[PDB]
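A.B. asks: Dropping in data-v7.txt, which is compact mmCIF, C-alpha atoms:
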```txt
# COMPACT_ATOMS: atom_id res chain seq x y z
CA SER A 1 290.51 108.01 60.57
CA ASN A 2 287.09 107.69 59.01
CA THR A 3 285.37 107.90 62.47
CA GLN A 4 283.71 111.13 63.47
CA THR A 5 282.34 111.60 66.98
CA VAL A 6 279.49 113.92 67.96
CA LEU A 7 280.32 115.46 71.31
CA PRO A 8 277.53 115.30 73.95
CA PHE A 9 276.79 118.97 74.11
CA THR A 10 273.07 119.69 74.32
CA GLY A 11 270.76 122.31 72.91
CA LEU A 12 273.27 124.21 70.80
CA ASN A 13 272.21 126.92 68.38
CA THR A 14 274.45 128.14 65.55
CA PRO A 15 277.67 127.36 67.47
CA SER A 16 280.46 129.68 66.34
CA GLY A 17 283.81 128.59 67.75
CA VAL A 18 285.72 125.94 69.66
CA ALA A 19 288.89 125.70 71.76
CA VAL A 20 290.67 122.66 73.23
CA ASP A 21 293.41 122.62 75.90
CA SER A 22 296.25 120.16 76.47
CA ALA A 23 294.07 118.09 78.85
CA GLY A 24 291.39 117.69 76.18
CA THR A 25 288.73 119.92 77.70
CA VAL A 26 286.56 121.47 74.97
CA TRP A 27 284.94 124.93 75.11
CA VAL A 28 282.34 126.10 72.58
CA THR A 29 280.78 129.50 71.95
CA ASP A 30 277.08 128.62 71.70
CA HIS A 31 276.38 131.75 69.66
CA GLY A 32 272.60 131.44 69.28
CA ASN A 33 272.10 130.93 73.03
CA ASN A 34 274.46 133.71 74.18
CA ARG A 35 276.54 131.30 76.30
CA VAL A 36 279.82 129.37 76.45
CA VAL A 37 279.64 125.65 77.18
CA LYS A 38 282.36 123.24 78.24
CA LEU A 39 282.95 119.48 78.33
CA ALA A 40 285.64 118.92 80.93
CA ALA A 41 288.06 116.17 80.03
CA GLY A 42 286.64 112.91 81.37
CA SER A 43 283.03 114.13 81.65
CA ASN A 44 279.95 113.42 79.59
CA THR A 45 277.91 116.42 80.77
CA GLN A 46 278.46 120.03 79.76
CA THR A 47 278.71 123.00 82.06
CA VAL A 48 277.90 126.62 81.22
CA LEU A 49 280.59 129.16 82.10
CA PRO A 50 279.58 132.07 84.37
CA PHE A 51 280.02 134.80 81.80
CA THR A 52 277.26 137.41 81.97
CA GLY A 53 275.66 139.54 79.32
CA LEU A 54 277.10 137.88 76.22
CA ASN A 55 275.57 138.60 72.83
CA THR A 56 276.23 136.33 69.83
CA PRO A 57 279.66 135.24 71.15
CA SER A 58 281.91 134.45 68.21
CA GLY A 59 285.07 132.74 69.45
CA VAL A 60 286.93 131.34 72.43
CA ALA A 61 290.56 130.83 73.44
CA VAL A 62 292.11 129.16 76.48
CA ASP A 63 295.60 128.99 77.98
CA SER A 64 297.46 126.42 80.08
CA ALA A 65 296.25 128.11 83.29
CA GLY A 66 292.64 127.49 82.28
CA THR A 67 291.85 131.15 81.67
CA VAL A 68 289.13 131.57 79.04
CA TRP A 69 288.78 134.53 76.66
CA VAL A 70 285.66 135.13 74.55
CA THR A 71 284.93 137.58 71.75
CA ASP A 72 281.58 139.00 72.90
CA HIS A 73 280.72 139.92 69.32
CA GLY A 74 277.44 141.76 69.80
CA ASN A 75 278.85 143.92 72.60
CA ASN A 76 282.08 144.89 70.81
CA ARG A 77 284.29 143.55 73.61
CA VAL A 78 286.48 140.70 74.81
CA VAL A 79 285.77 139.11 78.19
CA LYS A 80 287.91 136.83 80.35
CA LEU A 81 287.32 134.36 83.19
CA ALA A 82 290.13 133.01 85.30
CA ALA A 83 289.84 129.43 86.49
CA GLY A 84 287.59 129.18 89.50
CA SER A 85 286.26 132.73 89.14
CA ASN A 86 282.61 133.67 88.86
CA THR A 87 283.14 137.25 87.66
CA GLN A 88 284.49 138.17 84.27
CA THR A 89 286.76 141.03 83.31
CA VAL A 90 286.68 143.10 80.13
CA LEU A 91 289.99 143.50 78.31
CA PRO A 92 291.18 147.05 77.43
CA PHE A 93 290.75 146.84 73.67
CA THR A 94 289.34 150.01 72.06
CA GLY A 95 286.92 150.60 69.26
CA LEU A 96 286.22 147.00 68.44
CA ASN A 97 283.34 146.31 66.07
CA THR A 98 281.69 142.87 66.11
CA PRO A 99 284.92 140.95 66.80
CA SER A 100 284.89 137.45 65.31
CA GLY A 101 287.71 135.45 66.89
CA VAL A 102 290.45 135.29 69.49
CA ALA A 103 293.75 133.50 70.18
CA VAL A 104 296.15 133.60 73.14
CA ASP A 105 299.71 132.42 73.83
CA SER A 106 301.60 131.25 76.92
CA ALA A 107 302.88 134.77 77.71
CA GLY A 108 299.31 136.06 77.89
CA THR A 109 299.23 138.04 74.64
CA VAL A 110 295.69 138.14 73.15
CA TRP A 111 294.96 138.50 69.41
CA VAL A 112 291.52 139.42 68.07
CA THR A 113 290.03 139.53 64.59
CA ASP A 114 288.26 142.90 64.73
CA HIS A 115 285.87 141.83 62.00
CA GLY A 116 283.83 145.02 61.65
CA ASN A 117 286.97 147.13 61.25
CA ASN A 118 288.74 144.79 58.80
CA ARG A 119 291.77 144.45 61.05
CA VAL A 120 293.55 142.27 63.60
CA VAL A 121 294.56 143.71 66.98
CA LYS A 122 296.59 142.39 69.89
CA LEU A 123 297.19 143.26 73.52
CA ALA A 124 300.46 142.26 75.05
CA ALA A 125 299.86 141.11 78.65
CA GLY A 126 299.67 144.21 80.86
CA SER A 127 299.11 146.57 77.96
CA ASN A 128 296.38 149.17 77.79
CA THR A 129 297.16 149.99 74.16
CA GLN A 130 296.28 147.48 71.51
CA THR A 131 298.50 147.06 68.48
CA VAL A 132 297.05 146.91 64.97
CA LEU A 133 298.90 144.11 63.18
CA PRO A 134 300.41 144.94 59.75
CA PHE A 135 297.94 143.00 57.65
CA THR A 136 296.63 144.84 54.59
CA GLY A 137 293.45 144.59 52.58
CA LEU A 138 291.51 142.33 54.95
CA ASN A 139 287.77 141.99 54.58
CA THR A 140 285.55 140.74 57.43
CA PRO A 141 288.32 138.55 58.89
CA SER A 142 286.74 135.56 60.60
CA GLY A 143 289.31 133.81 62.76
CA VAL A 144 292.85 133.79 64.07
CA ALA A 145 295.33 131.19 65.30
CA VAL A 146 298.78 131.59 66.81
CA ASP A 147 301.64 129.21 67.49
CA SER A 148 304.31 129.13 70.22
CA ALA A 149 306.71 131.09 67.99
CA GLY A 150 304.24 133.99 67.79
CA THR A 151 303.27 133.47 64.18
CA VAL A 152 299.70 134.62 63.50
CA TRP A 153 297.35 133.16 60.86
CA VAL A 154 294.09 134.84 59.86
CA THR A 155 291.23 133.70 57.71
CA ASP A 156 290.54 136.70 55.48
CA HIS A 157 286.93 135.66 54.91
CA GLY A 158 285.89 138.32 52.41
CA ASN A 159 288.89 137.65 50.16
CA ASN A 160 288.81 133.85 50.29
CA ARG A 161 292.38 133.56 51.58
CA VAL A 162 294.52 132.87 54.66
CA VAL A 163 297.27 135.34 55.58
CA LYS A 164 300.10 135.05 58.11
CA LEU A 165 302.68 137.18 59.90
CA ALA A 166 305.70 135.76 61.71
CA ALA A 167 306.84 137.57 64.83
CA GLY A 168 308.73 140.67 63.78
CA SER A 169 307.55 140.49 60.16
CA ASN A 170 305.96 143.51 58.50
CA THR A 171 305.21 141.66 55.22
CA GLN A 172 302.07 139.51 55.25
CA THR A 173 302.16 136.16 53.44
CA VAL A 174 299.22 134.70 51.55
CA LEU A 175 299.14 130.93 52.04
CA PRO A 176 298.81 128.50 49.09
CA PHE A 177 295.31 127.33 49.94
CA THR A 178 293.11 127.06 46.87
CA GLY A 179 289.39 127.14 46.22
CA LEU A 180 288.31 128.68 49.53
CA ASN A 181 284.94 130.38 49.86
CA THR A 182 283.95 132.45 52.90
CA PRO A 183 286.47 130.62 55.16
CA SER A 184 285.37 130.82 58.80
CA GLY A 185 288.23 129.66 61.03
CA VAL A 186 291.79 128.44 61.26
CA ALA A 187 293.88 126.21 63.53
CA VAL A 188 297.57 125.31 63.55
CA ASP A 189 299.79 122.78 65.24
CA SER A 190 303.46 122.88 66.24
CA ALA A 191 304.45 120.96 63.10
CA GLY A 192 303.34 123.89 60.89
CA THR A 193 300.18 122.24 59.59
CA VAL A 194 297.24 124.61 58.97
CA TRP A 195 293.56 123.61 59.01
CA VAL A 196 290.74 125.82 57.74
CA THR A 197 286.96 125.55 57.95
CA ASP A 198 286.14 126.32 54.32
CA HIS A 199 282.61 127.30 55.28
CA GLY A 200 281.32 128.13 51.79
CA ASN A 201 282.34 124.70 50.48
CA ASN A 202 281.13 122.78 53.58
CA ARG A 203 284.56 121.26 54.12
CA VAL A 204 287.63 121.28 56.34
CA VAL A 205 290.93 121.49 54.50
CA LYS A 206 294.46 120.77 55.72
CA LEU A 207 297.60 122.35 54.25
CA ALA A 208 300.64 120.16 54.91
CA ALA A 209 303.84 121.95 55.91
CA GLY A 210 306.60 122.02 53.32
CA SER A 211 304.84 120.19 50.54
CA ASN A 212 301.91 122.62 50.61
CA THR A 213 299.68 119.69 49.72
CA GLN A 214 296.01 120.49 50.44
CA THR A 215 293.68 117.65 51.50
CA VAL A 216 290.03 117.51 52.52
CA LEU A 217 289.31 115.87 55.85
CA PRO A 218 286.70 113.07 55.60
CA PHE A 219 284.09 114.64 57.83
CA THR A 220 280.55 113.76 56.81
CA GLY A 221 277.30 115.65 56.93
CA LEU A 222 278.77 119.10 57.67
CA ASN A 223 276.92 122.28 56.91
CA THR A 224 278.28 125.84 57.17
CA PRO A 225 281.10 124.80 59.54
CA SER A 226 282.05 127.82 61.58
CA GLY A 227 285.18 127.06 63.57
CA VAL A 228 287.97 124.61 64.19
CA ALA A 229 290.51 123.48 66.79
CA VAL A 230 293.25 120.87 66.66
CA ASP A 231 295.40 119.05 69.17
CA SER A 232 299.00 117.91 68.75
CA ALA A 233 297.87 114.40 67.68
CA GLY A 234 296.03 115.84 64.68
CA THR A 235 292.52 115.33 66.05
CA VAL A 236 290.31 118.05 64.64
CA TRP A 237 287.19 119.52 66.25
CA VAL A 238 284.67 121.45 64.18
CA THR A 239 281.63 123.49 65.10
CA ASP A 240 279.14 122.14 62.59
CA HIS A 241 277.12 125.32 62.76
CA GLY A 242 274.36 124.35 60.33
CA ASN A 243 273.59 121.18 62.30
CA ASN A 244 273.91 122.66 65.80
CA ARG A 245 276.60 120.16 66.81
CA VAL A 246 280.31 119.75 67.48
CA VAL A 247 282.17 116.89 65.82
CA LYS A 248 285.70 115.55 66.03
CA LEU A 249 287.83 113.36 63.75
CA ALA A 250 291.10 111.69 64.83
CA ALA A 251 294.03 111.89 62.42
CA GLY A 252 293.77 109.58 59.43
```
Could you spell out this file's structure in structure tokens?
C.D. replies:
Amino acid sequence: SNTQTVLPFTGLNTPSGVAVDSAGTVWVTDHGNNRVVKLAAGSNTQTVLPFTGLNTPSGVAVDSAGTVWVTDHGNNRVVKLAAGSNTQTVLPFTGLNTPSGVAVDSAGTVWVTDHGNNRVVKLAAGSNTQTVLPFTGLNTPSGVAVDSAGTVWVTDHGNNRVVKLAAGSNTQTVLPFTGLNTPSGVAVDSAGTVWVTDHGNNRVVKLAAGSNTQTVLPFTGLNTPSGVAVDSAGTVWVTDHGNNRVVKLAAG
């Protein structure tokens, strides 16, 4: 489409990340206000999740159970709230430094871009020992997305590239995006399409599966877009960080 919708969040400051579930509820890390906001599917009024003590939260992920995970960037930790709960838990990652993004799958595995350590880590559900993924040469990685097959995509911000690892692979693959600058976030669908917030170029790009054709989505008025989420229909949500707003565009 050529119709972009501003979601009725209020009072955002430098929003950093966005997640959308299968019901169409939208969660946003409202970075500059140290809070996570939500627009429940069917509602026109946001709520603020009962996390406590966040500092510059950088990213959010949600599963089908409605559990919400947040990279609490300024406190070097990842926090979680189960649906209905008013008290968060802290995941047993170790040695994180200003983590920038998070993704989860249906088994409960949690992946984190450990930005300040130039690495990506994961916790299998139940694990007390994170795994360092076999990426190499990352610089200030900014975001992560996973699919149902366990493939992981990472925006390697400092090197202007997107890298992926399939489950069981120990060889990283650099995707055929071109012309990226300081890319900030990544999203994927189950058709293999990859979307990136190409922050430095104020644009959102799509890489089509197979053809590897790269197109620019016709958002308008973006500035320093910070994060992205997609649904199965190809609707794309973007945290338009420089304008303190969240916008969406339906496919085509």
A.B. asks: With only C-alpha atoms counted, which protein, DNA or RNA residues have an atom no more than 7 Å from (290.8, 139.0, 53.5) in the file frame? Please answer as JSON, numbers by chain.
C.D. replies: {"A": [137, 138, 139, 140, 141, 155, 156, 157, 158, 159, 160, 161]}
A.B. asks: As an exercise, work out the distance from CA of residue 172 (chain A) to CA of residue 129 (chain A) in Å and give it to one decimal place.
C.D. replies: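 That distance, rounded to one decimal, is 22.2 Å.
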A.B. asks: Please report the interatomic distance between CA of residue 93 (chain A) and CA of residue 57 (chain A) in Å with one decimal.
C.D. replies: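 So the two atoms, CA of residue 93 (chain A) and CA of residue 57 (chain A), lie 16.2 Å apart.
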A.B. asks: Which residues of region 178-215 of chain A come within 12 Å of region 144-152 of chain A, and for each one, what is the closest pair of atoms and their distance in Å to one decimal, counting all atoms listed in the file, sorted by chain and residue number, as a Markdown table?
C.D. replies:
```
| residue | atom | partner | partner_atom | distance |
| --- | --- | --- | --- | --- |
| A:183 | CA | A:144 | CA | 11.4 |
| A:184 | CA | A:144 | CA | 9.6 |
| A:185 | CA | A:144 | CA | 6.9 |
| A:186 | CA | A:145 | CA | 6.0 |
| A:187 | CA | A:145 | CA | 5.5 |
| A:188 | CA | A:145 | CA | 6.5 |
| A:189 | CA | A:147 | CA | 7.1 |
| A:190 | CA | A:147 | CA | 6.7 |
| A:191 | CA | A:147 | CA | 9.8 |
| A:192 | CA | A:147 | CA | 8.6 |
| A:193 | CA | A:147 | CA | 10.6 |
| A:194 | CA | A:145 | CA | 9.3 |
| A:195 | CA | A:145 | CA | 10.0 |
| A:196 | CA | A:145 | CA | 10.3 |
| A:197 | CA | A:144 | CA | 11.8 |
```
A.B. asks: When you look at residue 252 (chain A) with a cut-off of 9 Å (counting only C-alpha atoms), what residues show up, excluding the ones that are within fewer than 5 positions of it in the same chain? I need them as a ChimeraX atom specification.
C.D. replies: /A:1-2,217-218,234-235
A.B. asks: Counting all atoms listed in the file, which residues come within 12 Å of (280.3, 124.6, 58.7), with the point read in the file's coordinates, and could you list them as a PyMOL selection string?
C.D. replies: chain A and resi 14-17+181-185+196-205+219-228+237-247
A.B. asks: Could those residues be written to a file, using C-alpha atoms, as a short mmCIF file (atom, residue, chain, number, x, y, z; two decimals), in the coordinates of the input?
C.D. replies:
```cif
data_model
loop_
_atom_site.label_atom_id
_atom_site.label_comp_id
_atom_site.auth_asym_id
_atom_site.auth_seq_id
_atom_site.Cartn_x
_atom_site.Cartn_y
_atom_site.Cartn_z
CA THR A 14 274.45 128.14 65.55
CA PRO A 15 277.67 127.36 67.47
CA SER A 16 280.46 129.68 66.34
CA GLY A 17 283.81 128.59 67.75
CA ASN A 181 284.94 130.38 49.86
CA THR A 182 283.95 132.45 52.90
CA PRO A 183 286.47 130.62 55.16
CA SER A 184 285.37 130.82 58.80
CA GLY A 185 288.23 129.66 61.03
CA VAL A 196 290.74 125.82 57.74
CA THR A 197 286.96 125.55 57.95
CA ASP A 198 286.14 126.32 54.32
CA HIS A 199 282.61 127.30 55.28
CA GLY A 200 281.32 128.13 51.79
CA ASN A 201 282.34 124.70 50.48
CA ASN A 202 281.13 122.78 53.58
CA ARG A 203 284.56 121.26 54.12
CA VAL A 204 287.63 121.28 56.34
CA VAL A 205 290.93 121.49 54.50
CA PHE A 219 284.09 114.64 57.83
CA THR A 220 280.55 113.76 56.81
CA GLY A 221 277.30 115.65 56.93
CA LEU A 222 278.77 119.10 57.67
CA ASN A 223 276.92 122.28 56.91
CA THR A 224 278.28 125.84 57.17
CA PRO A 225 281.10 124.80 59.54
CA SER A 226 282.05 127.82 61.58
CA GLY A 227 285.18 127.06 63.57
CA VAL A 228 287.97 124.61 64.19
CA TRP A 237 287.19 119.52 66.25
CA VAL A 238 284.67 121.45 64.18
CA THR A 239 281.63 123.49 65.10
CA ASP A 240 279.14 122.14 62.59
CA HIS A 241 277.12 125.32 62.76
CA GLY A 242 274.36 124.35 60.33
CA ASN A 243 273.59 121.18 62.30
CA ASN A 244 273.91 122.66 65.80
CA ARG A 245 276.60 120.16 66.81
CA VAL A 246 280.31 119.75 67.48
CA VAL A 247 282.17 116.89 65.82
#
```
A.B. asks: Quote the spacing between CA of residue 79 (chain A) and CA of residue 53 (chain A) in Å to one decimal place.
C.D. replies: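 Computing the Euclidean distance for CA of residue 79 (chain A) and CA of residue 53 (chain A) yields 10.2 Å.
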A.B. asks: Kindly provide, as JSON, the centre and edge lengths (Å, one decimal) of an axis-aligned box around all atoms of region 9-22 of chain A given in the file, with 8 Å on each side.
C.D. replies:
```
{"center_x": 283.5, "center_y": 124.3, "center_z": 71.0, "size_x": 41.5, "size_y": 26.7, "size_z": 26.9}
```
A.B. asks: Identify which of the residues A:70, A:125, A:162, A:216 lies closest to residue 49 (chain A), counting only C-alpha atoms when measuring atom-to-atom distances.
C.D. replies: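 Counting only C-alpha atoms, the residue closest to residue 49 (chain A) is A:70.
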A.B. asks: Of the candidates A:38, A:87, A:133, A:143, which one gets nearest to residue 167 (chain A) if we count only C-alpha atoms?
C.D. replies: A:133
A.B. asks: Excluding residue 134 (chain A) and any residue of its chain fewer than 3 positions from it, enumerate the residues within 12 Å of it, using only C-alpha atoms, and give them as a count of residues only.
C.D. replies: 21
A.B. asks: Between A:85, A:229, A:207, A:80, which has the minimum distance to residue 21 (chain A) (counting only C-alpha atoms)?
C.D. replies: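 Smallest separation from residue 21 (chain A) among the options: A:229.
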A.B. asks: Smallest atom-to-atom distance to residue 11 (chain A): which of A:213, A:102, A:33, A:25, using only C-alpha atoms?
C.D. replies: A:33
A.B. asks: When you look at region 106-117 of chain A with a cut-off of 6 Å (counting only C-alpha atoms), what residues show up, excluding the ones that are within fewer than 6 positions of it in the same chain? I need them as a tab-separated table (two decimals) with C-alpha atoms, in the frame of the given file.
C.D. replies:
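New file selection.tsv:
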```
chain	number	residue	atom	x	y	z
A	96	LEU	CA	286.22	147.00	68.44
A	97	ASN	CA	283.34	146.31	66.07
A	98	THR	CA	281.69	142.87	66.11
A	99	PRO	CA	284.92	140.95	66.80
A	100	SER	CA	284.89	137.45	65.31
A	123	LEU	CA	297.19	143.26	73.52
A	124	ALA	CA	300.46	142.26	75.05
A	125	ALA	CA	299.86	141.11	78.65
A	140	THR	CA	285.55	140.74	57.43
A	141	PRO	CA	288.32	138.55	58.89
```
A.B. asks: Taking all atoms listed in the file into account, name the residue in A:86, A:64, A:76, A:211 that is nearest to residue 51 (chain A).
C.D. replies: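 The shortest atom-to-atom distance to residue 51 (chain A) comes from A:86.
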